[PDB]
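Undergrad: Take this structure first; my questions come after.
Heads up, the Cβs are rebuilt from the backbone with ideal geometry, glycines too, and the neighbour counts pull from every protein chain shown. A short reminder: the numbers here are calculations on the coordinates, not readings from a lab.
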Amino acid sequence: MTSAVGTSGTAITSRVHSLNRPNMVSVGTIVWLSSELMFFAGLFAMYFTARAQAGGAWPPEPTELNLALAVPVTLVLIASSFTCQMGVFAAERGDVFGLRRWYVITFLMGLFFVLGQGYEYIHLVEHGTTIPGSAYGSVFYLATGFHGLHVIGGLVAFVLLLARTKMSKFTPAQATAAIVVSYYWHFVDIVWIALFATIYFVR
Amino acid sequence: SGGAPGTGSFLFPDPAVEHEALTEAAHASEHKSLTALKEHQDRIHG
Amino acid sequence: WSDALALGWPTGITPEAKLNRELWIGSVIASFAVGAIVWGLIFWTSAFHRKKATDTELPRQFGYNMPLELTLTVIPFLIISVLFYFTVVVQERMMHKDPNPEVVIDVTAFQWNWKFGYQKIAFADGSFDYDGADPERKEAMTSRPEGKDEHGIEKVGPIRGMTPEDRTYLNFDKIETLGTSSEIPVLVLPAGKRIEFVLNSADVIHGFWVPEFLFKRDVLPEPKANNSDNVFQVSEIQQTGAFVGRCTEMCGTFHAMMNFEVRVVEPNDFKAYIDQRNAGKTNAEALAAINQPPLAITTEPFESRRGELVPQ
Amino acid sequence: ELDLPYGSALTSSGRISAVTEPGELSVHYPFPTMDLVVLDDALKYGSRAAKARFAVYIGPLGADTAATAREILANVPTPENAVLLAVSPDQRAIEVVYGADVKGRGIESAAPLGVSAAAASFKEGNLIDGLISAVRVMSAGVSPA
Amino acid sequence: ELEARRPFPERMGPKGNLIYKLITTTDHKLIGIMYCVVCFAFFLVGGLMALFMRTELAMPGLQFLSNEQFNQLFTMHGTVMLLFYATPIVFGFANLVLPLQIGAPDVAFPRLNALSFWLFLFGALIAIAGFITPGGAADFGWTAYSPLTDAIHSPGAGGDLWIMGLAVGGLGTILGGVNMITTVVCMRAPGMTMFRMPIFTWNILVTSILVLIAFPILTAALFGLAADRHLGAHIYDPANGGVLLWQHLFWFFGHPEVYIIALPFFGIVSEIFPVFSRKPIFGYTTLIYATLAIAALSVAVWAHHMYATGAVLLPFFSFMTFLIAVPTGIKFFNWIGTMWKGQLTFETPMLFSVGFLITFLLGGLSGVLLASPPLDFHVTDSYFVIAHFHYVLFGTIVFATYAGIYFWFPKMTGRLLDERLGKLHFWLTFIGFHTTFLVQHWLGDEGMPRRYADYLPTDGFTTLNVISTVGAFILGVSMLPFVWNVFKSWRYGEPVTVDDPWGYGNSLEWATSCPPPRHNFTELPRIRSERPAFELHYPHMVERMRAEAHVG
Amino acid sequence: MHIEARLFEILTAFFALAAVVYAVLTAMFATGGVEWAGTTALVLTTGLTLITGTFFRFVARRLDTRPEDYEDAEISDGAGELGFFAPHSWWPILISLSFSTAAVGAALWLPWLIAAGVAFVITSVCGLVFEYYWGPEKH
Amino acid sequence: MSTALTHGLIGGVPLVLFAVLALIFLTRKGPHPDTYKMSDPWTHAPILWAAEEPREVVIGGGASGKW
Ligand code: HEA
Ligand code: HEA
Ligand SMILES: [Cu+2]
Ligand SMILES: [Cu+2]
Ligand SMILES: [Cu+2]
């Protein structure tokens, strides 16, 4: 050494700049969010047909579709959206601890959403439909179940970014990472508002 | 490079004078480690 | 000239095909009249070589010609607009949807061969009070009152209340020209009637593509459920004789082995065909009863074997 | 000041970006594209057991030949250990000139023998093969250190 | 006053500078070279697969290979020509020259481009991996219609490996889509606005848009199909809504997939023209709108593949397929205006560009001839449609990829090619290709429908199959000059020292060294218009470049 | 920037136009009813370009003219320090091997290989995303 | 038909056409310049071919000849 030639705040830099420059992981996750919205368009088209097919009282007889356990976990998940947005408010202002508290409770009630969805799947498969049992049961298990895989991947992103906040100095690059995971998971629970309006309310 | 997070907890920060004492002491200990190893390396050849 | 300019169609045998072939002739005249002037543009702008006397002095360097761009953004829109209007006026003449046909053929289309129906005949000449059978359409609506558990569910079925392995679309008939793997299925049809085709497949999508009808349709598995108007009428069929019919999607492996024939006979030959089949005879016997060669004449029922290097 | 006479321009720093008319080439070396690869092999692969940048000069040197060859050894990119060969087919003059630190490293009997092993092939009429038979000889002669 | 250059450059390179650098790629350059290499390897695999099919169709028996092997053969062939040859190379030229064209130091997510490439390669291997399986790979077509793909039908392991191979390849190409759109949005040289970027990075902007539109529905369709096969999950069930549930959203992937195929090769050819016509690209803003005018409608045109099913809204998709045929006609007449009154020289990548022009012309004439549904009611799944998508699609990817290789080859490896051997390559990939597909129009119009393993001697038309075989085996020996040319143009071949080995280069790429430095640029030029390399290299030209740039 | 917002606004106008005209032209004029399978695909491709264009418009309003985007901008007007790009990294090859093991577990229906490939995906994704954040070994 | 004809055709017409196009395109003179005739004077610019052999002014010696 003499001092360094890369005399910066860290080895990691923001992504370009963000005062007169757009954040680039921001626009990267925005267009990848848009791609995953088209993935959910594939799942929605697998739902909105195979509901035009079944006529009459079309959600079939073994599907006592539970709303009294659905709307609490949607309310948990969309309040957790505001907890995650408060986490990114505490990420712009640079303290790791305001980030980590709100993302810990966001991860906890997102895990509560995943466990509530898993208990809904157990309670709806043990006295009802299976994924080879019905048309509507199969499309219910895939249109919201792979959304369960989306939200469990978002939870993996939460615990992963929390270990990342444990291991390094809070750079503006790490606030970029935090805002990126923040509105990835905001996209997850706006797609779940769409799915909960679609499956349960609108039918 | 950038290896200085908050020393506080996983949820709550420690007061700032304690953070300064911990990171200055750990930085001086790592500096003393490479200093003692470098002066031993110079003792082998010199 | 008319066959070689039409990129070698088979000539039509129904007015549907005649009018479709006239529109293809007009459209390849339009396509060659575009491609001739644009290949003229390319093989005349290949007269703009790098000239040997052309010094260190670049071309006109222009770009950005707005009125010429408006002219050649308006004229292809005129070409596709007149081609779209002729397309729609021939799209009106693909299924007139006559509620009074003359003979209805229930072309069901199973795994790797065909089966033709003769669901209904009604001559405007006055003959053939003939109808379809329908005791065979029994369901697989699995409305069992209790499943593997003991109470409450009374599980009804996967799709619309029934199992996928259902076969209630699959209409049958007394007359059935079934096609085995060594005898090609021979539909025979009266010349100059209104011949409706209702299309069903037992297993998998493929295509009712007679080459000389100049038309096809896909036998979707449950086409009423899948928004598929499978049925289409054929307006007449002028030319008699035998016509090949291929299979024009993907079925699985034995897919070129799905040929059929639509042999167009005279109406009195159609009389003597079915009235020598209501007294129950098979396909070869019924075709021998009307002085016409019984086996498939435009396609042989080719090899049940698998190759020219398999040991027989 | 003049650039390349058409199409080149010096960039925002000193790198002069030039062009090449589309069917034409860049180097225009009047030798085949395979035997000067043999020259580069004899001058890099089978030379690194001598530890000296073997320069090869083919241009004109129409002056006092030793002085104008040791002057153009001074831009060989390390002149203290470089064994330049200069040949002038306008003038028929071989001239092998050394760098400083190449001195007594098997070299005083290798320079006239290198000139002989070159000029035995130049009088046939092979420029590149003469350079190859010279650089292989001076690679066998100059000992590393 | 004189430099000190090596007589020839480094031939192979030192021992061991690439194979770890394979594993730990982060610049766009070497990743794009790897795209071009391994995808021409998959092009070789597909070409021999097609030559197996075309040995098979030469005689009317099943003389060479079976029925089932043929049905695997066209399927794996259609994928390793569409989803594992074209679909990667549309980002392979992006990783070649798009950060060079927009002034970017690297591509924007420089590990996620390695992730895109390696997910591509390990989706491609696990989709080819049906051939190790004893029942073989997918016998159902590339179209892969759902009553044939659900596990009752085609029950083998090769279809499942095909499904998850396209899952991985689709994810990798989505990730290529996001990092290319973020390069062109927010990683760009400081003097160029949106409009004086090159046309090729514009086509990859809109191409990556349509990748993000299309390919997640391929993964959604295909996760639904993997669930419907393994869990028996009734989504694509035929007595359900699930045979147009395949066709609607699969072709909603499929036709935007063939236009993410078609658009950056239009960008390649539109970059070929202004450096060999020695002049502007004609109507540059016209192309910069026409790419959107074709690609927005590419999404909304999707069901012009189910004319035969009788279950689509038929005048809507016919009208919009004519309306997607008009802006590519605009994009074409701009090219004819670009060659117009220029000083042409037909050195080899422009020669491939002109071959593309002729093939894509008469193929697109078959496009407007085929998109009208009564003219398609006989032609759906005939050989007129297979000669149509070859005579278009081969023309786009293969001819414009050979234009792209013979153009961006001296700037991605610093050495030229043999011009004579490239002209040999062109003329027997032109004569051979027209020999094997000018007759399949007349072979699909008279009856021989697609995806047949054999036909009959009492059926006619044996001579047109044997002349397609003659043409296809001219095309099979056509890349012996190509792989010989790049094989003796990397490790040997005519080097370039100065920039612009193609003179009158432009588009901000050609203002750096022919092996470009790590992070692409030692000196950027003052970007003023669409051709800033042409304005660096020709400063006296600029007033003549602008003073007559508006008349026509 | 400005022009990406206008670009995806053009794509949003056309995708919304095509979505609503496909819904109201397959409401009538079709065999059974609304197709529901390209209709919602068009509604959510309108959603795709809504998300991209709305975010680019949010950025473009909360920004000045960028010294990149400005027409007639010298290179010295925007020559600062860019952000971190990653150098050499051997994690994406491990991402692909992990996701390919998970995919061939999901193809050859091997649930042990699905779970193991997902575990390798988590491990290699951690190795990618922590790669420029592991501190030195504290001993 | 006549399997010798439709195998010799598809195996020879590619090789016949390959031989014809490779004898009309590869027998042209390439872009590479001709080898230097020794009797002709040195028309080229001066050439120094360095080595880069160990990677990173005062006189060493001398020798001469006259071919
Ligand atoms: C590179 C990929 C590519 C491209 C660019 C195309 C470009 C076109 N394709 Fe082709 N097509 C396929 C790859 C392509 N296609 C594939 C892979 C399939 C499906 C595989 C299968 O099902 O088996 C396919 C299937 C296909 C079908 C499916 C029907 C069937 O299965 O039978 C149709 C018809 O609608 C079709 C029509 C077109 C049209 C109208 C264009 C238009 O974009 C072309 C327009 C171009 C010209 C029109 C412009 C230039 C001419 C003039 C200079 C100006 C214009 C003049 C006119 C106004 C007359 N294509
Ligand atoms: C992307 C464009 C593309 C390309 C490049 C190809 C490459 C070729 N295709 Fe393929 N083709 C399709 C688009 C393409 N195809 C599509 C969309 C399908 C449909 C899939 C489906 O229907 O389901 C298809 C399937 C297909 C069929 C199937 C229709 C049927 O079964 O009836 C036919 C007809 O013969 C065909 C003709 C050819 C020909 C002659 C080539 C030629 O270019 C041949 C190329 C291969 C050689 C040039 C390589 C040379 C051989 C090597 C030198 C051998 C040695 C190499 C090893 C060392 C690795 N193609
Ligand atoms: Cu069939
Ligand atoms: Cu299409
Ligand atoms: Cu079709």
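Undergrad: Take A:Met167, project a point 7 Å from its Cα along the Cβ direction, then tell me which residues of the stretch F:74-97 have their backbone nitrogen under 20 Å from it.
TA: F:84-97
Undergrad: Might you report the magnitude of the Cβ-based charge dipole of chain E about its Cα centre, with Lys and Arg at +1 and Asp and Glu at -1, to the nearest 20 debye?
TA: 1480
Undergrad: Hey, rough spin-label estimate for B:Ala21 and G:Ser2, points 7 angstrom out along Cα→Cβ, what's it come to in nanometres?
TA: Going by the 7 Å Cα→Cβ label model, 10.4 nm.
Undergrad: Further, regarding this structure: Can you compute the FRET efficiency between D:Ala67 and E:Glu543 using 1/(1 + (r/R0)^6), with r the Cβ-Cβ distance and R0 = 51 Å? Round to the nearest 0.05.
TA: E(calc), rounded to 0.05, equals 0.55.
Undergrad: Then there's this: How far apart, in nm, are the 7 Å Cα→Cβ label points at F:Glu81 and F:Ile10?
TA: 3.8
Undergrad: Another question, if that's okay. Take the alpha carbon atoms of the stretch E:386-402, find their center, do the same for the stretch D:71-115, and report the distance between the two centers in whole angstrom.
TA: Taking the Cα centre of the stretch D:71-115 as reference, the centre of the stretch E:386-402 is 58 Å away.
Undergrad: What is the magnitude of the charge dipole of chain A about its Cα centre, with +1 placed on the Cβ of each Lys and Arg, -1 on the Cβ of each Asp and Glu, and no other charges, expressed in debye to the nearest 20?
TA: The dipole magnitude comes to about 800 debye.
Undergrad: GNM on chain A, C-alpha springs below 10 Å: top fluctuator among A:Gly56, A:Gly145, A:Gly153?
TA: A:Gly56
Undergrad: Oh, and also: Would you work out which of C:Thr56, E:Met448, C:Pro293 lies farthest towards the positive end of the dipole of the protein assembly as shown, given +1 charges on the beta-carbon of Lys and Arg and -1 on that of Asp and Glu, about the Cα centre?
TA: Checking the options against the dipole of the protein assembly as shown, the answer is C:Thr56.
Undergrad: In square nanometres, what is one fourth of the surface area of the convex hull spanned by the alpha carbons of chain D?
TA: Value for chain D: 10.9 nm².
Undergrad: Then there's this: Return the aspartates and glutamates within reach of A:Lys166: Cα separation strictly under 13 angstrom, same-chain partners fewer than 8 residues apart disregarded; answer none if there are no such residues.
TA: Result set, ordered by chain and number: A:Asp95.
Undergrad: Normalise the Cα radius of gyration of the protein assembly as shown by 2.2 N^0.38 Å (N = residues in it) and let me know the number.
TA: Here the Cα radius of gyration is 1.03 times the empirical estimate.
Undergrad: Select from A:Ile122, A:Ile190, A:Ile30 the residue whose mean-square fluctuation is largest in a Gaussian network model of chain A (Cα-Cα springs shorter than 10 Å).
TA: Between A:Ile122, A:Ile190, A:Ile30, it is A:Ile122 that shows the largest mean-square fluctuation.
Undergrad: Nearest 500 deg cm²/dmol is fine: what mean residue ellipticity at 222 nm does chain E get from its DSSP H runs of n ≥ 4 alone, each adding -39,500 (n - 2.57), divided by its residue count?
TA: -20000 deg cm²/dmol
Undergrad: Restricting to Cα pairs below 8 Å that are 6+ residues apart, what does the relative contact order work out to for chain A? Please round to a whole percent.
TA: Worked out over chain A, it gives 33 percent.
Undergrad: Which three extents, in angstrom, do the Cα atoms of chain B have along their principal axes, listed largest first?
TA: 49, 18, 13
Undergrad: In whole Å, what is the distance between the alpha-carbon centres of the stretch C:111-128 and the stretch F:1-74?
TA: Centre-to-centre distance over Cα atoms comes out at 52 Å.
Undergrad: Go ahead and estimate [θ] at 222 nm for chain C from helices alone: -39,500 (n - 2.57) per DSSP H run with n ≥ 4, summed, over the residue count, rounded to 500.
TA: It lands at -8000 deg cm²/dmol.
Undergrad: Still on this model: With θ set to phi - 60° and the Karplus curve 6.51 cos²θ - 1.76 cosθ + 1.60, what are the ³J(HN,Hα) couplings of the stretch E:129-142 in order, to the nearest whole Hz, using x for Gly and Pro?
TA: 5, x, 6, 6, 5, x, x, x, 8, 5, 7, 4, x, 5
Undergrad: Out of E:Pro9, E:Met49, F:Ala107, whose Cα points farthest toward the positive end of the dipole of the protein assembly as shown (charges: +1 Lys, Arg; -1 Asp, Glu; placed on Cβ)?
TA: E:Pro9
Undergrad: Out of A:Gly118, A:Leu149, A:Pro22, whose Cα points farthest toward the positive end of the dipole of chain A (charges: +1 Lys, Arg; -1 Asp, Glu; placed on Cβ)?
TA: Checked the options; the winner is A:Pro22.
Undergrad: If you keep only loop residues by DSSP, which chymotrypsin sites (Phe, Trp or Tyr not before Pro) in the stretch C:44-146 have at most 15 other Cβ atoms within 10 Å of their Cβ?
TA: Sites meeting the loop and neighbour criteria: C:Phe48.
Undergrad: For E:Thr458 and G:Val20, FRET efficiency with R0 = 41 Å and r from the beta-carbon atoms, rounded to 0.05?
TA: 0.65
Undergrad: Quick one: compute the contact order of chain E, relative version, from alpha carbon pairs under 8 angstrom and 6+ residues apart, as a percent.
TA: Reported relative contact order: 17 percent.
Undergrad: Separate question: Taking a point 7 angstrom from the Cα of D:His28 along the C-beta vector, which residues in the stretch E:480-521 have backbone N less than 14 Å away?
TA: E:497-498
Undergrad: Report the Cα centroid-to-centroid distance between the stretch C:143-203 and the stretch G:27-52 in angstrom, as an integer.
TA: 82
Undergrad: Dipole of the protein assembly as shown, Cα-centred, from +1 at each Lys and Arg C-beta and -1 at each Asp and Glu C-beta, to the nearest 20 debye?
TA: Approximately 2500 debye in magnitude.
Undergrad: Mean Kyte-Doolittle hydropathy of 1.6 or higher plus an axial Cα length of 20 Å or more: which whole DSSP H helices in chain C meet both?
TA: Counting only whole DSSP H runs, the qualifying helices are C:66-91.
Undergrad: If you don't mind, another one. Based on the alpha-carbon gyration tensor of chain F and its eigenvalue square roots a ≥ b ≥ c, which shape applies: rounded if a/c is under 1.5, prolate if not and a/b is larger than b/c, or oblate?
TA: In terms of gyration-tensor shape, oblate.
Undergrad: Tell me the relative contact order for chain C as a rounded percent, counting alpha carbon contacts under 8 Å between residues six or more apart.
TA: After rounding, I find 18 percent.
Undergrad: Which of C:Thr142, C:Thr240, C:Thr298 moves most in a GNM of chain C, Cα contacts under 10 Å?
TA: Among C:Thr142, C:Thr240, C:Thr298, the largest mean-square fluctuation in the Gaussian network model of chain C belongs to C:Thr142.
Undergrad: By the gyration tensor of its Cα atoms, with a ≥ b ≥ c the square roots of the eigenvalues, what is the shape of the stretch E:18-547: rounded for a/c under 1.5, prolate for a/b over b/c, or oblate?
TA: prolate
Undergrad: Related question: Would you mind checking the pairs E:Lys411/G:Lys29; C:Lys115/C:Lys148; E:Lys341/G:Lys37; E:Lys279/E:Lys423 and listing those with alpha carbons more than 31 angstrom apart?
TA: From E:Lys411/G:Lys29; C:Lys115/C:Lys148; E:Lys341/G:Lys37; E:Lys279/E:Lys423, over 31 Å: C:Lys115/C:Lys148; E:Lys341/G:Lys37.
Undergrad: Assuming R0 = 56 Å, can you tell me the calculated FRET efficiency for the pair F:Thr123 and D:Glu21, based on Cβ-Cβ distance, to the nearest 0.05?
TA: Plugging the Cβ-Cβ distance into 1/(1 + (r/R0)^6) gives 0.55.
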